[PDB]
Amino acid sequence: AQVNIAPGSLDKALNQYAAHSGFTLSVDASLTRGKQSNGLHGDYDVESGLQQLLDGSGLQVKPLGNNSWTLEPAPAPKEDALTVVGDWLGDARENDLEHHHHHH
């Protein structure tokens, strides 16, 4: 199922995919409020697409009752540091300025 969601908000990206799937999800938004998540792009089911959204930290998803799933902290290897981002093209222009000294 082709699902394209724009990032810039974890809470949003959640409702976006959650609405496309049709299931319930219970996750501690306490920590969520303040961070963002990677949107989706391509044919991905409820689970496939869901894992693609939070994809980046690696967590576990398990159901609770009917069709309600939750996200919990799972074990991971010794985290590392990714390369440092470079810069953009920056094709702007600059204007000259005038300044003269004065006496008493």
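As documented in the archive entry, the model was determined using solution NMR.

As recorded by the PDB entry, the protein carries the name Iron(III) dicitrate transport protein fecA and is attributed to Escherichia coli. This deposition appears in the PDB under the title "Solution structure of the periplasmic signaling domain of FecA from Escherichia coli".

Engineer: Honestly, the environment of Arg93 in this entry has me stumped. Any pointers?
Structural biologist: For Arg93, the position within the fold is in the segment after β5 (68–73). When the C-alpha positions of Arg93 and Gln16 are compared, they lie 40 Å apart, and in sequence the two are 77 residues distant.

Engineer: In this structure, what is going on with the side chain of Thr70? I would like to understand it.
Structural biologist: Along the chain, the position of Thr70 falls in strand β5. Here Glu72 takes part through its side chain, which lies 2.8 Å from a polar atom of the side chain of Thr70. Every residue in contact with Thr70, bar those within four places of it in the chain, is listed here: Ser26, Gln60, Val61, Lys62 and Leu64.

Engineer: How should the environment of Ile5 be read in this particular structure?
Structural biologist: Tracing the sequence through the fold places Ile5 in the loop between β1 (2–4) and α1 (10–21). Overall, the relative accessible area of 9% leaves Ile5 in the buried class. In sequence terms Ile5 and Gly39 are 34 residues apart; their C-alpha atoms lie 4.8 Å from each other. Once residues within four sequence positions are removed from consideration, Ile5 is found in contact with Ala13, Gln16, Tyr17, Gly39, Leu40 and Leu53.

Engineer: It is not clear to me how the pairing of strand β4 (residues 59–63) should be interpreted in this structure. Could you clarify?
Structural biologist: Residues in a regular strand project their side chains so that they alternate between the two faces of the sheet. Where β4 and β5 come together, 5 bridges link them in antiparallel fashion. Within β5, the position partnered with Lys62 by the bridge is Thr70. Between β4 and β5, which pair antiparallel and follow one another directly, the connecting turn spans 4 residues.

Engineer: What's the story with the packing of aromatic side chains in this structure? I'm lost.
Structural biologist: Two numbers describe a pair of aromatic rings. These are the distance of the centres and the angle of the planes. Taken as a whole and assessed by the stated rule, the structure comprises 1 aromatic pair. Each ring, one from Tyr17 and one from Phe23, has its centre 5.8 Å from the other, and the planes form 50°; the classification is tilted. You'll find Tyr17 and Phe23 in the same group, each marked buried.

Engineer: What is the right way to read the nonpolar core from this model?
Structural biologist: The nonpolar side chains of a soluble globular protein tend to be buried with one another. Core analysis: the biggest nonpolar cluster contains 12 residues, these being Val3, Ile5, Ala13, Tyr17, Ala18, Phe23, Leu25, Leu40, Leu50, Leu53, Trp69 and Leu71. Of all the secondary-structure elements, those providing two or more residues to this core are α1, α3 (46–53) and β5. Residue contributions to this core peak at 3 residues, all from α1. Those residues in contact with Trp69 that sit more than four places away from it in its chain are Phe23, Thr24, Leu25, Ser26, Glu47, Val61, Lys62 and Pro63.

What counts, and where the lines are drawn
For every chain, the first residue of the written sequence is numbered 1, i.e. counting runs from 1 onward, and this need not coincide with the entry's numbering; residues without coordinates are not included. Values reported for side chains reflect all heavy atoms of the structure, with hydrogen atoms and water molecules removed beforehand. A run of H or I in DSSP becomes a helix once it reaches four residues, and a run of E becomes a strand once it reaches two; helices and strands are each numbered from the N terminus. In protein, a polar contact means a hydrogen-donor-capable atom and an acceptor-capable atom, both N or O and within 3.5 Å, with residues adjacent in sequence counting only if both atoms are side-chain atoms; elsewhere, any N or O pair within 3.5 Å suffices. Contact between two residues is taken to exist if any of their heavy atoms lie within 4.5 Å; hydrogens are not considered. Type-normalised accessible area, obtained with a 1.4 Å probe on protein chains alone, sets the label of each residue: buried when under 20%, exposed when over 50%, and partly exposed for intermediate values. By the convention used here, strands pair only if DSSP detects at least 2 bridges between them. Stacked, tilted and edge-to-face are the three classes assigned to paired rings of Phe, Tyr and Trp, where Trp is represented by its six-membered ring and a pair needs centres within 6.5 Å; plane angles under 30 degrees give stacked, over 60 edge-to-face, the rest tilted. As used here, the term nonpolar core means buried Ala, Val, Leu, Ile, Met, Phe, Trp, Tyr and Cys residues forming a set that is joined through side-chain atoms within 4.5 Å.

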